[PDB]
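Q: Below is a structure I'd like to ask you about.
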Ligand SMILES: CC(C)(COP(=O)(O)OP(=O)(O)OC[C@H]1O[C@@H](n2cnc3c(N)ncnc32)[C@H](O)[C@@H]1OP(=O)(O)O)[C@@H](O)C(=O)NCCC(=O)NCCS
Ligand SMILES: CC(C)(COP(=O)(O)OP(=O)(O)OC[C@H]1O[C@@H](n2cnc3c(N)ncnc32)[C@H](O)[C@@H]1OP(=O)(O)O)[C@@H](O)C(=O)NCCC(=O)NCCS
Ligand SMILES: CC(C)(COP(=O)(O)OP(=O)(O)OC[C@H]1O[C@@H](n2cnc3c(N)ncnc32)[C@H](O)[C@@H]1OP(=O)(O)O)[C@@H](O)C(=O)NCCC(=O)NCCS
Ligand SMILES: NC[C@@H]1O[C@H](O[C@H]2[C@@H](O)[C@H](O[C@@H]3[C@@H](O)[C@H](N)C[C@H](N)[C@H]3O[C@H]3O[C@H](CO)[C@@H](O)[C@H](O)[C@H]3N)O[C@@H]2CO)[C@H](N)[C@@H](O)[C@@H]1O
Ligand SMILES: NC[C@@H]1O[C@H](O[C@H]2[C@@H](O)[C@H](O[C@@H]3[C@@H](O)[C@H](N)C[C@H](N)[C@H]3O[C@H]3O[C@H](CO)[C@@H](O)[C@H](O)[C@H]3N)O[C@@H]2CO)[C@H](N)[C@@H](O)[C@@H]1O
Ligand SMILES: NC[C@@H]1O[C@H](O[C@H]2[C@@H](O)[C@H](O[C@@H]3[C@@H](O)[C@H](N)C[C@H](N)[C@H]3O[C@H]3O[C@H](CO)[C@@H](O)[C@H](O)[C@H]3N)O[C@@H]2CO)[C@H](N)[C@@H](O)[C@@H]1O
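Protein chains in written order, with this note's numbering: chain F, 24 to 297; chain W, 24 to 297; chain B, 24 to 297.
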């Protein structure tokens, strides 16, 4: 591929001449990524000479259960291969989609990034692995199937995709801006977001479990239900207005540790920034 | 097994004397299927001499990212092993369940086919991988568990299964016709269908995301919610009556490309067939 | 690890000096478990000399499709490695969580046991694999993210976790008793239980599909919906009172086979124990 995966971005910044020790049975995709480096099956590992790469999450659990792993820092010294959505201490990219710091999501949102459904994902955003993000099929035609186009010749493909781009309900997310997910967002298990109608999820939004959101979620609102309805705002109006332009999620690691009291007490946060 | 898998049906029609090149680390099930053929780890692949079989979907993505793959047509020259529900250009079978053309579904619906819960799946049907199809346990007894029968002797098993067949609410889908899923059907993510009470899903039906359907879905109806309620019909009544017996989903690949305008414009479809 | 996995508990009781035959490609975790025993790739298997261990569930299906498997009893002679939640004929443990007999659950509930969210799981309980059990993040602060704490030093971690323990809404299930799931419970697909607010699920409870439960479920109640509401009780009040202290789920395998008629007919059950 032309766009670097999460494993390749981590290695580019933290490997630093060491050889990669593979903790687990590798995939063909992994062997292609490790081709330029020296790599081997992990036996005796030393973080001064080695960088452990666990193939799967279950292989990571086995590695952390090993006594050899407690001299290995999270991303500086190891990583999970099959974890494109895993959180990171630095801003990264996922199929031309910027992902903030300490932001994690599941395989469904990863596939949504590759489909072009997402424009950006904020910092300190927590998304459950079971969450799904898909677009709508076309509804202005006699059929709803998408793989019917596998039978169209050119002449038929040109006219089918012609109406697709000229559709105000955005089938396959064709005619809309890619959806943005803000910072400090929480998304629960079994949640769903429609990539055809949702174009923005505000910062600090909370999506309940089993919730099916079909429209935009304003910042710091808690949407819940099937379909998702706003049941309560997370903060007061004055806080949401202030929080939107102070942007604590863009602070440095030292500045977050300086204003712990402001981030911990919401009543103190307004006092310092209202 | 006695019933051919999707990989075996594809190979039986398109392999044509070539040897299989395995793109990825194979499973024991795959090695059993490839036993009669000549097979090897894929290196340099040529579609005139080789047929690429990617073990998993992630191995398929790695194969398509390789320059060698662009002389390989979808099913005629490659396929994914762990993809029993993947779409195909020809009608196939899945555990004694006929599956139409360009119809795809996930692992939960595959397991539903093997359980005998499904009778047939139409053509050009799109089912999300997260969709689940299960039956109800028995409710006319003091227990709801199913694996309690692991402790029954013969005498106890005969009487337990005796009432199971004599139950009008169809526990474990015992006393009903297997459920039929029509053509041009769309099923969203996190959807659920009760195999104990649902016996038919009409052609052209649309099941929303997170929807739990518990009764039959009439053709070209859009069921939505927990539980699923009909919120709107996809087409006018006159169209549904006409569409049910013209059956465009049974047209040839040449006839679909002949009547693209009818399938693309619903207003034109009635003009040509009303 | 210090706590035995489900595979290690089964082997400790049923292996009995035999060598393990691995049906499938093993993981690194599996190789660590089989280290003290003699093990090999399964070829010709005899239950008098061998104990088959299928790595994955798909490898189990391949094994049962083999003619060699029909002299192998379920747990006494084989088992699936990647199946920590699979049912068993004897009471077992899962990350310091007692699991009853013939009780099965999915990977999400397994991870919930390791997180400390569950105290015990009853006997003859049926939980769907797609079910999820998670706790709530903190809501009394300006942020909702959990992995923000990866940036806190000591001083910041001590004060963040300080309010976490002093929170009546139980973020991360910090200040509550671990949730108990009773016996003869049925949980459907796509179900969700909030580990932060739910502390008990009574015996004989039934959770419908796609249901999001947020409070305790009384014994023998059927909760349904988003959010889950009690729609109907499974039995009469007099039965629930009697069933709660006869505890048929604690009977021996011989006593279950003695009182099949009582367990099969609910009307007969009260006659014998009311
Ligand atoms: C969304 C959530 C944070 C709400 O937390 P909360 O502040 O304690 O909400 P409350 O318990 O006070 O109840 C608020 C109302 O909204 C409803 N509600 C809240 N969360 C709901 C949910 N997931 N689903 C359905 N209804 C919900 C409640 O039924 C309640 O109804 P009411 O208006 O009649 O009182 C929490 O319930 C939740 O579901 N978090 C997601 C859990 C998860 O999936 N984690 C995995 C991802 S890490
Ligand atoms: C079902 C679906 C096609 C409806 O499309 P639509 O024609 O644009 O429906 P609308 O947006 O006009 O809204 C219709 C009504 O039904 C509701 N509704 C529609 N889809 C819903 C859904 N999945 N869940 C809950 N409610 C839904 C809407 O809330 C709305 O309510 P209203 O009567 O008060 O106005 C679409 O919403 C959907 O969910 N598709 C499934 C997406 C998916 O899961 N893809 C993965 C599988 S490939
Ligand atoms: C929960 C369940 C056992 C109810 O069975 P039941 O006794 O036949 O319930 P009924 O069909 O008589 O309907 C009862 C009412 O509750 C509703 N209801 C029942 N189950 C529901 C469900 N999963 N979701 C939403 N609504 C449900 C029905 O819509 C109905 O509504 P009403 O009050 O207007 O009549 C069953 O519907 C179910 O969903 N089982 C879980 C299936 C599953 O997920 N299996 C996989 C795990 S092994
Ligand atoms: N290109 C996105 C892909 O998404 C995959 O995950 C999901 C889907 O994108 C994937 O797509 C299915 C596919 O199974 C099947 N073989 C073909 C079918 N047309 C697709 O259907 C789906 O994907 C396409 C996007 O390409 C959408 O246009 C369509 O609306 C949607 N139903 O099925 C998976 C479960 O629904 C993988 N995560 C990933 O390998 C890949 O990035
Ligand atoms: N035979 C169907 C199987 O379905 C599997 O997928 C799902 C279930 O069928 C499977 O079945 C579970 C099983 O985990 C566990 N080891 C035993 C338990 N009795 C089963 O329970 C389930 O399956 C049976 C059907 O056999 C139903 O009667 C029962 O109502 C249902 N709860 O758990 C999986 C998640 O719920 C596999 N896709 C597939 O290997 C296999 O075909
Ligand atoms: N320690 C529990 C783990 O749960 C895992 O499954 C699920 C989660 O526990 C897991 O945790 C995610 C994780 O993906 C990501 N790398 C880090 C993130 N902080 C976690 O987030 C989640 O887990 C933690 C519990 O540790 C909760 O406090 C948090 O509320 C929750 N959002 O993401 C998975 C899907 O949501 C695995 N089943 C298992 O390896 C492991 O036991």
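Ideal Cβ placement from N, Cα and C applies to all residues, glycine included.
1) At a threshold of 8 Å, does residue 109(B) count as lining ligand 5 (C-beta to nearest heavy atom)?
2) Could you list which residues in chain B have their beta carbon closer than 9 Å to that of residue 32(F), in chain order?
3) What does residue 143(F) touch in chain B if you count any residue whose Cβ is under 7 Å from its own?
4) Can you find a CB in chain B that lies within less than 9 Å of the CB of residue 114(W)?
5) Count Cβ pairs between the stretch 61–74 of chain B and the stretch 34–44 of chain B that sit closer than 8 Å; are there 3 or more?
6) Tell me whether residue 280(F) sits in a helix, a strand or coil according to DSSP, three-state version.
7) Quick check: is any heavy atom of ligand 3 less than 8 Å from the C-beta of residue 237(B)?
8) Does DSSP classify residue 298(W) as helix, strand or coil?
9) Contact criterion: CB-CB distance below 9 Å. Does residue 242(F) meet it with respect to chain B?
10) Return the chain-ordered list of same chain residues with a C-beta closer than 6 Å to the C-beta of residue 244(B), the five sequence neighbours on each side being excluded.
11) So residue 168(W) contacts chain D; which residues on that side make the cut at Cβ distance below 9 Å?
12) Output yes if chain F places a C-beta closer than 9 Å to the C-beta of residue 105(W); else output no.
13) CB of residue 162(B) to nearest heavy atom of ligand 8: below 8 Å?
14) Can you find the residues in the same chain that come closer than 7 Å, C-beta to C-beta, to residue 140(B), ignoring five residues on each side of it along the sequence?
15) Mind the definition here: the stretch 48–63 of chain F touches the stretch 81–97 of chain W only if three or more C-beta pairs lie below 8 Å; say whether that holds.
16) Compute the Euclidean distance between the alpha carbons of residue 180(B) and residue 138(W), then round it to the nearest angstrom.
17) Could you give the residue range of the beta strand (DSSP E) that holds residue 103(F)?
18) Among 34(W), 289(W), 237(W), 280(W), which residue has its Cα nearest to the Cα of residue 223(W)?
19) Under 8 Å: does the beta carbon of residue 325(B) sit that close to some heavy atom of ligand 6?
20) Give me the residue from 72(W), 99(W), 103(W), 71(W) with the minimum Cα distance to residue 86(W).
21) Could you list which residues in chain F have their beta carbon closer than 8 Å to that of residue 287(W), in chain order?
22) Under 9 Å, do residue 108(F) and residue 128(F) count as touching if we go by C-beta distance?
23) In three-state terms, what does DSSP make of residue 33(B)?
24) Report the residues of the stretch 54–68 of chain B with a CB closer than 8 Å to any CB of chain W, ordered along the chain.
25) Could you tell me whether the Cβ of residue 233(W) comes closer than 9 Å to any Cβ of chain F?
26) Using a Cβ-Cβ cut-off of 9 Å, state whether residue 261(B) counts as contacting chain W.
27) Where residue 92(F) and residue 56(F) are concerned, what is the direct C-alpha to C-alpha distance, given to the nearest angstrom?
28) Would you list, in sequence order, the uninterrupted alpha helix (DSSP H) runs of no fewer than 4 residues that lie entirely inside the stretch 48–126 of chain F?
29) For my contact list, residue 11(F) and residue 74(F) are in at a C-beta cut-off of 8 Å; report their separation, rounded to the angstrom.
30) May I ask whether a heavy atom of ligand 5 can be found less than 8 Å away from the beta carbon of residue 297(W)?
31) Apart from the five residues just before and just after residue 235(W), which ones in its own chain have a Cβ nearer than 7 Å to its Cβ?
32) In whole angstroms, what separates the C-alpha of residue 191(F) from that of residue 209(W)?
33) Taking 8 Å as the cut-off, is the C-beta of residue 254(B) nearer than that to any heavy atom in ligand 3?
34) Can you give me the C-alpha to C-alpha distance between residue 174(W) and residue 33(W), rounded to a whole angstrom?
35) Give me the chain W residues within the contact set of residue 171(F), using Cβ-Cβ distance strictly less than 7 Å, ordered along the chain.
36) Return helix, strand or coil for residue 28(W), following the three-state DSSP convention.
A: Checking against the coordinates, here is how it stands:
1) True, at least one ligand heavy atom lies under 8 Å from that Cβ.
2) Near residue 32(F) there are no residues of chain B at all, since even the closest Cβ is about 18 Å away, more than 9 Å.
3) Near residue 143(F) there are no residues of chain B at all, since even the closest Cβ is about 16 Å away, more than 7 Å.
4) False, the Cβ-Cβ gap to chain B never drops below 9 Å.
5) In short, these stretches touch, since the Cβ pair count reaches three.
6) helix
7) Incorrect: residue 237(B) has no Cβ contact closer than 8 Å to ligand 3.
8) What is shown of chain W runs 24 to 297, which leaves residue 298(W) out entirely.
9) Judged by the 9 Å Cβ criterion, residue 242(F) is not in contact with chain B.
10) 228, 253, 256
11) Among the protein chains of the structure shown, namely F, W and B, there is no chain D.
12) no
13) Ligand 8 is not among the ligands present in this structure, which contains only ligand 1, ligand 2, ligand 3, ligand 4, ligand 5 and ligand 6.
14) 156, 158, 196, 201, 202, 218
15) Segments in contact, yes.
16) Rounded to the nearest angstrom, the two C-alpha atoms are 51 Å apart.
17) 101–103
18) 237(W)
19) Chain B is shown only over 24 to 297; residue 325(B) falls outside these bounds and no answer can be derived.
20) Closest by C-alpha distance to residue 86(W), out of 72(W), 99(W), 103(W), 71(W), is 103(W).
21) Residues of chain F whose Cβ lies closer than 8 Å to the Cβ of residue 287(W) are, in chain order, 164, 165, 182, 183, 186.
22) Yes, the pair counts as a contact, with Cβ atoms nearer than the cut-off.
23) helix
24) none
25) yes
26) no
27) Those two C-alpha atoms are separated by around 23 Å.
28) 51–56, 80–87, 97–100
29) Lying before the first or after the last residue shown, residue 11(F) is absent from chain F, which here runs from 24 to 297.
30) no
31) So the qualifying residues of the chain are 215, 249, 250, 251.
32) 20 Å
33) yes
34) 41 Å
35) 125, 147
36) coil
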